[PDB]
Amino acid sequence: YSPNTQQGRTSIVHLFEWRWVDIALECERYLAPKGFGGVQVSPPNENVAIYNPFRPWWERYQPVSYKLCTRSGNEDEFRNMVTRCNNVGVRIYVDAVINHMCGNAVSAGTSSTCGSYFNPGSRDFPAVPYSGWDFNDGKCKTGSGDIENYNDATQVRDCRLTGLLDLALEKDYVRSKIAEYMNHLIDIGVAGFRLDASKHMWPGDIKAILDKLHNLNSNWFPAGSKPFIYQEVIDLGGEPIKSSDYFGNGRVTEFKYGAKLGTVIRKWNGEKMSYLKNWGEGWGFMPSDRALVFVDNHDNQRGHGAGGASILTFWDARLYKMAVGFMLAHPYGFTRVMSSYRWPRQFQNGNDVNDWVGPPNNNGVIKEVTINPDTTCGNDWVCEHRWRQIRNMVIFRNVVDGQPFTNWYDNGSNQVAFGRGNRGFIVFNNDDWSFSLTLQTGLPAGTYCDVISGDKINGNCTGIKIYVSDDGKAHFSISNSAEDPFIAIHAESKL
């Protein structure tokens, strides 16, 4: 349940589709000094090379083998990345796709990221190796062999998720091959795993697989360290399978979080920020110590999975920064920040027909992440983690770590504020009029740099300044027209 991040680091960033060499560099030049706790990488195992559409992002969720050979790099580069990141105190979490192999209708051949041969029709994946009796063909009871009804917990676990060849996780052999892959990653130095499609696996089979895992690499982690486990389970209520069914194995993705936040911030369905004062379990969310929270993830930012129209993304930058800001400032759950790439989003009727488009590339070769002089990224990498408003809130969360949610204020609409003990205070204005009031910050007297509009550098603030009096009060003024209608100050942004 523990992140195993370096003491004082409270967030991980999803460097979606980034190359191992770019992540290695990013850890050293940026994540370490900016206090990021770790990085969730895209599946590092060999996958199907899909040509139609052309190299979609989702081809990485169709395993061919467990060789660490993908468009992100080979094993040497993978090991290089993990070592360089651990050496500067930044952890690596692997997106483990262990519920299945490839689409059952994909053509046989060597169209894979490492050239391994595979035959879906004959359930043949010699590079692992897996054969027909390593899949749930005989176990699934649906007419199509695919998952057709989510109200039936059994088919959800024994049948094919959109046709993906379902592994027989009950078999000790399959469990062992998977554990072999995971231990390979653990011994290399990875601190944990995002268990992909966990809802589709029996909690008892997952447990069995974890039983075979090693302790974390003792060169970097203390003896007896168990790998961090967060299972992807989309549970918005209404279905028989509940997130709580996986608490025994580790943490669980809380998809209700971003869905709710998104509609509050958009002020949809009669909601407003003032309702957020009992945010967390007060809203029906799982226990804070089991929740892996986020505003958006790689699936719902592009209409996949379960997001809905309220999900906020870099596309809605202004409201997105506010949402991520609120999350990072609130004590509930363990926070994951999304880092995406841009694609030609083109809505037709209700759907983005370019939701398949993979990462920036030149004929299949992923483009490197260029860093512009102003520290933003080029080559279409959005790099939300480098946006000042988000990067500074990541540090904000580190600074107030452990402090209690306190000093809440609200105007009964969309102008709220709250503090974290005596270490941080944040103010939001999401009403269509000006927010100007003197508030109790619970902070020691002094001059603080607003970390949203600017930074603190060698004695001065580059943005807005807030003055806290001897009684902890400070005046705040946020126009409903402000570029970023929220302000944040903390112990370490103080002059």
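Numbering starts at 1 and runs along the sequence shown.
Colleague: Please compare 64-72 with 435-443 and name the stretch with the higher mean C-alpha B-factor in the deposited structure.
Modeller: Stretch with the greater average CA B-factor: 435-443.
Colleague: Given the B-factors recorded for C-alpha atoms, which segment has the greater mean, 467-475 or 16-24?
Modeller: Averaged over C-alpha atoms, the B-factors run higher in 467-475.
Colleague: Which one of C140, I229, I98, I390 shows the top CA temperature factor in the record?
Modeller: That would be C140, according to the entry.
Colleague: Per the entry, which of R91, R345, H298, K256 tops the list for Cα B factor?
Modeller: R345 has the highest C-alpha B-factor of those listed.
Colleague: Sort the modelled residues of this chain by their C-alpha B factor and say whether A32 lands in the lowest, middle or highest third.
Modeller: Tercile = middle for this residue's CA B-factor.
Colleague: Using the B-factor values recorded in the entry, state whether the Cα atom of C461 falls in the lowest, middle or highest third among the modelled residues of its chain.
Modeller: For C461, whose C-alpha B-factor we compare with every modelled residue in the chain, the answer is the highest third.
Colleague: Quick one: classify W268 as lowest, middle or highest third of the chain based on its Cα B-factor.
Modeller: Top third by C-alpha B-factor.
Colleague: Relative to the other modelled residues in the chain, which third contains the C-alpha temperature factor of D196: lowest, middle or highest?
Modeller: Lowest third.
Colleague: Pull the Cα B-factor of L276 out of the PDB entry and bin it into the chain's lowest, middle or highest third.
Modeller: Middle third, going by the recorded CA B-factors of the chain.
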